[PDB]
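Participant: Quick one: this structure, given as structure tokens, is what I'll be asking you about.
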Ligand SMILES: [Cl-]
Ligand SMILES: [Cl-]
Ligand SMILES: [Cl-]
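Numbering (PDB author numbering), first residue to last: 45 to 283.
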């Protein structure tokens, strides 16, 4: 028995978290109702997009380069040539928009439905480079967990090579005791903004899948995406 809502109220943020203990098939959560509510995936979709891009071969491997088009975008790290590992690290949207266009609407829809990702809606072909940023694609925190867990047990239609590459670029933090993988998200086209941190923790010969979802009403709220995840995992004796 642990109060996972404690971290949320300390940081003054509204949101939810869902943690799934793989070995024990057990959930821990705060705000269960929100864990079944749908939100724009934003950059968390890069996990799914990376799998399909590698599987279809529109990007050859983790070091293959896509070049910057010269347009000055919002963040300086985005204004440079990159690969999928650094684009994942930097939340480089334009890189993943190229991947989605090259996958194409028909292949994207097939993988979305085969995987069962979120609400399964990517819109019209004209929305191929923005359906996860502006809609209509949405996903619940529970569905983030289901996707990541199915991914990890090799049920999805991706080769072992594809899985190995994506699981490697997801590495966020690593010590001798644990490997933390995940991806943040920040949907800014809705009010309030929606913050994500989803992924999974490998520790103590177990895997703990997590999905954090918060309201972002000022820029200081954004840092709480990872911090509430950290405090939640430590409340369970992890990290
Ligand atoms: Cl690299
Ligand atoms: Cl950034
Ligand atoms: Cl932003």
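Note that the Cβ used here is the ideal one computed from N, Cα and C, for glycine as well.
Do the CB positions of residue 89 and residue 176 come within less than 9 Å of each other?
Facilitator: As a position in the chain shown, residue 89 is number 45, starting the count at 1. As a position in the chain shown, residue 176 is number 132, starting the count at 1. Their beta carbons are under 9 Å apart, which means residue 89 touches residue 176 by this criterion.
Participant: Would you list, in sequence order, the uninterrupted alpha helix (DSSP H) runs of no fewer than 4 residues that lie entirely inside the stretch 52 to 132?
Facilitator: 89 to 100
Participant: For residue 77, is the classification buried or exposed, using 16 other Cβ atoms within 10 angstroms of its Cβ as the cut-off for buried?
Facilitator: Working through the chain shown from its first residue, we reach residue 77 at position 33. Exposed, since its Cβ has fewer than 16 Cβ neighbours within 10 Å.
Participant: What would DSSP say about residue 173, mapped onto helix, strand or coil?
Facilitator: The count along the chain shown starts at 1 and reaches residue 173 at position 129. Judged by DSSP in its simplified three-state form, residue 173 adopts coil rather than helix or strand.
Participant: In chain order, what residues of the same chain have a beta carbon less than 7 Å from the beta carbon of residue 145, not counting five sequence neighbours either side?
Facilitator: Position 101 of the chain shown, counting from 1, holds the residue named residue 145. Listed in chain order, the non-local C-beta contacts of residue 145 below 7 Å within the same chain comprise 172 and 173, local neighbours out to five positions each way being set aside.
Participant: Would the beta-carbon of residue 135 be found less than 8 Å away from any heavy atom of ligand 2?
Facilitator: Reading the chain shown from its first residue, position 91 is the one you call residue 135. Yes, since a heavy atom of ligand 2 falls inside the 8 Å radius drawn around the Cβ of residue 135.
Participant: Using three-state DSSP, classify residue 165 as helix, strand or coil.
Facilitator: Indexing the chain shown from 1 puts residue 165 at position 121. It is coil, neither helix nor strand.
Participant: For ligand 1, I want to know if residue 208 counts as a neighbour, meaning its beta carbon is within less than 8 Å of at least one of the ligand's heavy atoms.
Facilitator: Locating residue 208 in the chain shown gives position 164, counting from the first residue. Checking every heavy atom of ligand 1 against the Cβ of residue 208, none is found closer than 8 Å.
Participant: How many whole angstroms separate the CB atoms of residue 210 and residue 91, which I take to be in contact at a CB cut-off of 8 Å?
Facilitator: Counted from its first residue, the chain shown places residue 210 at position 166. Counted from its first residue, the chain shown places residue 91 at position 47. Going by Cβ atoms, the distance from residue 210 to residue 91 rounds to 7 Å, so yes, they are a contact pair.
Participant: Give the single residue among 54, 86 and 65 whose Cα lies nearest to the Cα of residue 181.
Facilitator: Within the chain shown, residue 181 is the residue found at index 137, counting from 1. Measuring from the Cα of residue 181, the nearest candidate turns out to be 86.
Participant: Which residues have their C-beta within less than 7 Å of a heavy atom of ligand 3, listed in chain order?
Facilitator: 230 and 232
Participant: Should residue 241 be counted as a contact of ligand 2 given a C-beta to heavy atom distance under 8 Å?
Facilitator: Translated into positions along the chain shown, residue 241 becomes position 197. Not under cutoff, so the answer is no.
Participant: Give me the Cα-Cα distance between residue 47 and residue 186, rounded to the nearest whole angstrom.
Facilitator: As a first step, residue 47 must be located in the chain shown, where it is residue number 3. As a first step, residue 186 must be located in the chain shown, where it is residue number 142. So the two alpha carbons sit approximately 19 Å from each other.
Participant: Touch check for the stretch 152 to 172 and the stretch 228 to 236: three-plus C-beta pairs under 8 Å?
Facilitator: no
Participant: Return yes when the C-beta of residue 235 is under 8 Å from any heavy atom of ligand 2, and no when it is not.
Facilitator: Working through the chain shown from its first residue, we reach residue 235 at position 191. Because no heavy atom of ligand 2 lies under 8 Å away, the Cβ of residue 235 does not count as near it: no.
Participant: Can you check whether the CB of residue 202 is closer than 9 Å to the CB of residue 226?
Facilitator: Taking the chain shown and counting its residues from 1, the one referred to as residue 226 is at position 182. Taking the chain shown and counting its residues from 1, the one referred to as residue 202 is at position 158. Not closer than 9 Å, so no.
Participant: Please determine if the stretch 258 to 269 and the stretch 110 to 126 are in contact, where contact requires at least 3 C-beta pairs separated by less than 8 Å.
Facilitator: no
Participant: Helix, strand or coil: how does DSSP classify residue 273 here?
Facilitator: In the chain shown, counting from the first residue as 1, residue 273 sits at position 229. It is helical.
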